[PDB]
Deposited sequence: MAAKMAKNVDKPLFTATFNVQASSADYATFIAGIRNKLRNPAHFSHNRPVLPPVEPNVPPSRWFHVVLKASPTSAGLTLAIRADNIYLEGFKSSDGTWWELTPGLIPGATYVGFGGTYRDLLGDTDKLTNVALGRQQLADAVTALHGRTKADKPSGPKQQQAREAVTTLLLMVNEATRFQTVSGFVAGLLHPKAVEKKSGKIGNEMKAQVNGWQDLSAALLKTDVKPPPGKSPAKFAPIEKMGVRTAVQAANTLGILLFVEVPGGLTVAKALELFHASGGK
């Protein structure tokens, strides 16, 4: 059940930590546009293709974060089907994986990519500080990771804080316009923490995605509100979502069909 093609990304997206808000916003937009199922939209927002039924994960992209203009960057291995962070490459060339035995030749980092794993309690998410400095510190801490850092309690804690930072500023920002917008603001000519609404959105990507998709089924259908996210209408949901996870909703596309539409449309 090992992954395939981790070393053969579908695309590579690059960001310099010192760049402007504008550069960051289009970096995020670029990732969404390249991940989209060209044939499957919902309320003008892109929707991911389904996870392929019975193969191991074979669709990956890389994000490269450079702490400096010419410096080699930190490479993130992210799944193209569900935007999971599963690996990062260090300056010594070691692949660290976040799921034991998922990436050929990798070394397990010692924890996973859920906020439960990273923070102990998911409520701690609204105390994580985001900004340009945090981004630079997170990238440097993971780029400078050595194998000996794994048996160090405090090093493991710092690595978790660094991964948590990348997850919010890269993965969740891709998923959510609220998050990407929030981060772009911190990079304008610088520290912030997300509120409880963004925390609820980030913990409910599937639910919020599935709720938009339901409104698209052809009737024989209203939007179910999600109070804790602050999202009470289809339009607020469309404005909150950057890209939807594919969810098999009753009367909408099935996994099989959406996948054939993916292939027929020039998607890989």
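Residues of the deposited sequence missing from the coordinate set occupy positions 1-3, 193-197, 229-233.
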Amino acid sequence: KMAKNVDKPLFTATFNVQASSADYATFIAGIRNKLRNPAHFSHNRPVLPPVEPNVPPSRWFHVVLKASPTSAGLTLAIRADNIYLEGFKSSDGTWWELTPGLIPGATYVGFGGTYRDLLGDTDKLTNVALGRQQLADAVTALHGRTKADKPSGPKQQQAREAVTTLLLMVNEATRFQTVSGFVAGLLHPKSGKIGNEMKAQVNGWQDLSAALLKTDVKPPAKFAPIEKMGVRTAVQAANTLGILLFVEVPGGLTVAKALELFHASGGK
From here on, numbers count along this sequence of modelled residues.
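Higher average CA B factor: 114-122, of the stretches 114-122 and 166-174.
Judged by mean Cα B factor in the deposited record, 251-259 ranks above the other of 21-29 and 251-259.
Looking at 44, 209, 203, 37, the one whose CA carries the top B-factor in the deposited record is 44. Based on the entry's C-alpha B-factors, the most elevated value among 65, 51, 217, 241 belongs to 217. For residue 161, the recorded CA B-factor ranks within the middle third of the chain. Only modelled residues enter the ranking. In the deposited entry, the Cα temperature factor of residue 196 places it in the highest third of its chain's modelled residues.
Among the modelled residues of its chain, residue 132 has a C-alpha B-factor that falls in the middle third according to the deposited record. In the PDB entry, a CA B factor belonging to the highest third of its chain's modelled residues is recorded for residue 151. Ranked by Cα temperature factor within the chain, residue 87 sits in the lowest third according to the deposited record.
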